[PDB]
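**Q** Take a look at the following structure, please.
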Amino acid sequence: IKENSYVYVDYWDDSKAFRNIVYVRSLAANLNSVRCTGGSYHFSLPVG
Amino acid sequence: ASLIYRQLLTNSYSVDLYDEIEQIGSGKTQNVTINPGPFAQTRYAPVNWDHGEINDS
């Protein structure tokens, strides 16, 4: 994933506020930016 | 025969019973009293059309 790429997260909840989202005139929101880090992966290789 | 009018006036109280009878006979309806205050019709939104999410790679 790079600057060219986007990442999507579908989300839903059974609260009143989210249950009332069937018709919408405007939906704005601000979020905290966060860091995504990648771990390590051993490529299981049967030689070398 | 003058007593017809006297009798009708004196016995007039029975019309209350008659009113109760016709009230029981009559069907009934009612109102759901209407709301005023549609003084501001509301448009949808500022809407702009565009192609969806292209799936690039």
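Here's how to read the names in the structure tokens: chain A, B, ... by the order shown, residue numbers from 1 in each chain, ligand numbers from 1 in the order shown.
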What residues in chain B have any atom no more than 9 Å from chain A when counting only C-alpha atoms, and can you write them as a list in words?
**A**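 For chain B, the answer reads residues 44, 45, 46, 56 and 57 of chain B.
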**Q** Would you please give, as a tab-separated table (two decimals) with C-alpha atoms, in the first residue's frame, all residues of chain B that DSSP assigns to alpha helix (DSSP H) based on the backbone?
**A**
```tsv
chain	number	residue	atom	x	y	z
B	3	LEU	CA	-103.18	21.57	27.74
B	4	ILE	CA	-101.19	20.19	24.79
B	5	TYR	CA	-98.68	23.02	25.05
B	6	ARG	CA	-98.55	22.88	28.84
B	7	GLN	CA	-97.97	19.13	28.67
B	8	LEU	CA	-95.22	19.41	26.07
B	9	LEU	CA	-93.41	22.08	28.08
B	10	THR	CA	-93.78	20.18	31.35
B	11	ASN	CA	-92.72	16.82	29.90
B	14	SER	CA	-87.74	13.34	28.16
B	15	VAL	CA	-85.84	14.83	25.23
B	16	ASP	CA	-82.70	14.24	27.29
B	17	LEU	CA	-83.48	10.52	27.15
B	18	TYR	CA	-84.16	10.87	23.43
B	19	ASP	CA	-80.80	12.59	22.97
B	20	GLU	CA	-79.08	9.76	24.81
B	21	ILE	CA	-80.84	7.24	22.55
B	22	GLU	CA	-79.86	8.95	19.32
B	23	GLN	CA	-76.31	9.37	20.64
B	24	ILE	CA	-76.10	5.63	21.28
B	25	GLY	CA	-77.54	4.98	17.83
```
**Q** What separation in Å, quoted to one decimal, exists between CA of residue 2 (chain A) and CA of residue 36 (chain A)?
**A**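 Result for CA of residue 2 (chain A) versus CA of residue 36 (chain A): 12.2 Å, one decimal.
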**Q** Quick one, how far is CA of residue 11 (chain A) from CA of residue 41 (chain A)?
**A** 28.6 Å
**Q** Please indicate the distance in Å from CA of residue 9 (chain A) to CA of residue 22 (chain A), rounded to one decimal place.
**A**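 Spanning CA of residue 9 (chain A) to CA of residue 22 (chain A) is a straight-line distance of 18.7 Å.
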